[PDB]
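All chains are identified by letter, namely A, B, C, D, E, F, G, H and I, in their written order; residue positions are counted from 1 within each chain.
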């Protein structure tokens, strides 16, 4: 039954029980139900007025954290004879590349959220003169649409695309991307194939991809070269979450799939998730006095 | 607004905006098909609905195709205009399409 | 504080304290008498 | 079949039209791939002279 | 009085006398798509008893070294009966599922089977960067087998799979598991041939054991689609 | 009939129709009316409560985008022996030079709007020492009025002209220009000649030109040279739009006219706007399984 | 205002602007089987828009020496779409039929076609004591041809065939005929593969004629089943 | 009852019996300039029947390779009758226009004409950076011809020209098109000799065809100015 | 937020949901009975 829960539940005092027909510590796991045995029914308890809040484990709190989603270092220089991000990069936006955010989102099957995007930019002089206050353009391009192929390309005029101009000196750039799936929730996992033929990608519904982030330096190249690193942070907000999942246990291999190998030995090995102890009778951190 | 259904070589300019229909001597024949891909280049792209929609990424709702026969008063005929929901190949025989 | 015209621009919404853990802990229709289930 | 007179044209023309209905909606605005430039247009420099 | 159960759908019926209080996934029941959630505007076909009925799959043999079995829905049913025919002739489908899993043995047998319905069971492949292909995922009526049931073939864990709608067949206790599945998708309808909403997983957590003279102990899956709707009628894909 | 439309229309269920005299799928294109055939009248439909918003295709949303209208790079240096923008430029303001904004505005015949102007300024050292925080002056001069001819000219004292002083370090300069046409709307296209004789310009009503933007660097020249690039962005707002038009299909040639050539081959060629397929029976992206 | 007609069934629609006031056979309209007439006790499947929709047959060529064409119902439809699939998977069926027959030509053409729906058109064979066999009767979607349309291939007469539900396509007057058929059987339901309730007959009473340069003049039959019910679900016969 | 139409203006009248429900551009009707929109303070002359009457232009011949025809307004009328005399003697004018386009042929002819009124049809030139000159634009009563009607001589498209007020003359259906134009300008009045509010375009989308013995098929344009006002009286420009 | 003395200085006005598509889709005066138009 649905109810408003702001604090953990109280304990009532309980007394001696000796009743035929009533076995609250016995259960049937086979039904799929978790045991309903209360502590009052298992031991003799006191009255506890529990005032412990539950708000930090709200799904909103658990997922409205700015987490790193993209980190691109690129050279800011004259690029006449390079082979590589020539004063700009494109990034197909995904939540799969950095495993702390990925595992948290993969606790759920479906997520609906707005995405507050924060763009941190840092500069280093190539191996000193000072750090320039460069202007950057981050342009949101939808998935599969035409992205710029040059720093100076006329695609950056951005007639309808959202673009954000921002410094290095100023506070990171910040915008909110709305929940933009064509469905009512993103599919965190997708047991299916994106195309009507059979060559399409498994596990990737492109309905859940936000877009392309096209980031350039607006400035013409300086006579010396710089290395510019752009960090992108996503914070989900106004979150609804459905159908919780077993957490990822083995290390991630790819951003494209749930493929697994495991570590060489326990912990988090394919044959052994938990590290070993000597026997089932061995107490690993036994207090000995 | 006009679809460019006759988007073929040997079709020049305004010729692309009409489909020629001839008397046949075999029954149940295919006359033309129309891809419903607005995003790639097809007969729907340079339409009012096509051009405005390509300023957007997502779309929903019904379309309508209207076909004006421009033969003579004395010309007679019947056509069947079929929309096939996706999943398979485009129907090439009349007995498949009008399912 | 939210002076934007789009509602999704708002700050995070951390006041939904509604819970229904029985859709995960008791997804049967015979509510189990706390008495043997079987 | 198309069945015509000997004096009508034996080839006739259809014109196809398309519109959206009023249940139609569009979403997520983007730059149109129907227009582009690789250069400045002609006489664009004369706006600076 | 929760050990015995009859399930009547269409012309099909199933009786068991060793059930253990059926699972309704997330406390939900299958329903038709309401008007305030619908997208496809054509009038759907709702075949009801022609499709909402128990279809029994091919039984699999439970043996000593069995790793487990999986079937994907609606893929396992997409060639069966009038359900399969409606699936082939329509772009869109929607249904719930009533899953009944049967496994009996003697009172001298032991064994525990985890019978879990996994929504969006996106499979991983083992020890490669290459995603699973079409033939790895889409097994049809035969279903597949777990490669690594301990991590549910997706780098997570069997041990936490009880977060999903599930029952157990503990051979000492019960001989059948029943799971009622609602429509479970981000979209109100879906194309049946390229997406699988649910994966029925049946996993040997305690292996089959006896010291009696052995018998073939099969495991039988009966699945009734529930509240079937189909939209976008055309020719059959086949 | 005029009405308030916030969402796309619902669908009502419909049943079998077999009525003499009533043919809702038949139409007469010759009248110039678009077909009034409802889906309820063409197929058997369900009831759909449609909640899809229409607000992103409001003309205000469609055109209140900051779009690039001007991009001038000029040398900031001692200009005693140059031939070229000598620490300042004049720009006759127009919406014709950057084709993403131009095509959107040319969807309409008449536009009435205020213009929010944003001025982005970037600096590069000529081919390193650091980037200077230069002060710029953008002065609005009306069309045909006296513009400065020197960096140091006494025209920049700006006794009545609006001028904006702004840094490179600070957030781009931003002002709003009001709707300033002598008519109640700008003429996006003008089928006429501006003068009372016959040598005047075709297509150019000067009533629709905002003015001249006169942009200098206020600073005296440094001992080293810099290249300064000024980007001007216009966002129309409080927009009224009249008489929609066929979109531009061929590439633009000039900012002065609607002259056309088309590409060499399809797509967007003079003889072929849509790219070719093999026949009218050829399905170009046919699903084959 | 009875020359123009639109017929909308399911996802199918037909417009004509040269109709001539459609025939409702014996003044009846198709209905579902009511409870006070039902026999089979299982709950029927009523696929509605999946089956109650216009199916267009293969057109036949109208030529100078054509004797006529016939199609038997439901036999002509028993392999088409979801109707054919429901027929194959069910012992029993019941439906009405909406028949639309199309034939246009120029204003310089002449010709009269008798478009008649014949209930229980039990065919005779000519000049033999042997009854017509299975292949003579059951032609499927292609239909058959009249051997002796003057006696309706059963020793009666074409001239009295207007006692049956019928229309005419007189090429001077109209280009289409529409006949609405109710369920017409001694039993409330019937096995679809061994009995034909109705025979659509299309007979050249006045042959095609012109002195214009000739065209192929085809005749096209579109048939919508109406109020389809199916009982006795099992595997497909095929 | 929308095929027949009589248009009576001044001493002029036009009857057609093959119209197709006339176009009122943007749902508007021509009116005089109201006091709350006026600019010029002198009392205007409103000649009414002397100028608001049908003026028939020179007919053009519809042939196999015709690309189309255009006339600019008020330029085509600026030398005709009392309208032309009022235009020459006044700095300012204002009017609407009633356009009637006539093209008949036999019932064995085919052809489709797009009859579209284009507001502010700013013409482009083909394959040059040079803007069209005065003589390219200002053709007078004779009008001009489309160079590239597929892009409407301005790099846009014929296919999207139905966004403008338009009708069609489909020779099978109708023999006339009628378009009522309001005043369409950014200013309430305008100098008639240097600006054209409207361009009547008539474009062969389906070319003329028959296999009868040929006739000259002309296309005739009759234009009635509506609610003519004139301000700023002086000598004639001529 | 708008602390300027001129009204054109305001932010964009995105609340005009009035539409009349019939001036583009049906610019005749005989409203077409949805029945043949001709």
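The rule is simple: contacts are C-beta pairs under 8 Å (C-beta built on N, C-alpha and C of every residue); 3 or more make two chains touch, one makes a residue touch a chain.
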Margin query: Looking only at C-beta pairs that count as contacts, which pair of chains has more of them, F-H or B-G?
Written below: F-H
Note to self: Sharing more than half its contact pairs with F-H, counted by residue number, which one of F-G, A-E or E-F qualifies?
What the structure shows: A-E
Next item on the list: Would you kindly tell me how far, in whole Å, the mean C-alpha position of subunit D lies from that of subunit A?
Entry: 43
Check: Hey, how far is the Cα centre of subunit B from the one of subunit C, in Å?
Finding: 50
Check: Using CA atom averages as chain centres, what separation in Å is found between subunit D and subunit I?
Finding: 24
Next item on the list: Could you list the positions in subunit E whose residues touch two or more of the other chains?
Entry: 2, 20-21, 23, 26, 39, 41-44, 89-90, 163, 165, 173, 191, 233, 235, 237
Margin query: Residues touching two or more other chains, restricted to subunit B: which are they?
Written below: 1-5, 13, 16-19, 23-24, 27, 43, 45-48, 51-52, 55-58, 60-62, 64, 66, 68-72, 74-77, 86-88, 99
Check: For subunit C, which residues are shared contacts with two or more other chains?
Finding: 20, 22, 24, 26-28, 32, 37-38
Next item on the list: Could you please specify the touching residues of subunit A with respect to subunit D in the complex?
Entry: 141-142, 145-146, 154-155, 158-161, 180
Notebook entry, point to check: subunit E touches which residues of subunit A in the complex?
Noted result: 28-33, 109-110, 181, 183-196, 198, 200-203, 207, 243-254, 256-262, 270-271, 273
Margin query: Which residues of subunit F touch subunit B once you look at their complex with the stated criterion?
Written below: 8, 27, 29-30, 34-35, 37, 39, 52, 56-57, 62, 104, 107, 246-247, 249, 266-267, 270-289
Notebook entry, point to check: subunit G touches which residues of subunit B in the complex?
Noted result: 23-28, 74, 76-78, 80, 94-95, 98-99
Checklist line | Interface residues, subunit F side, partner subunit E - complex | finding: 11, 13-14, 39, 43-49, 51, 289
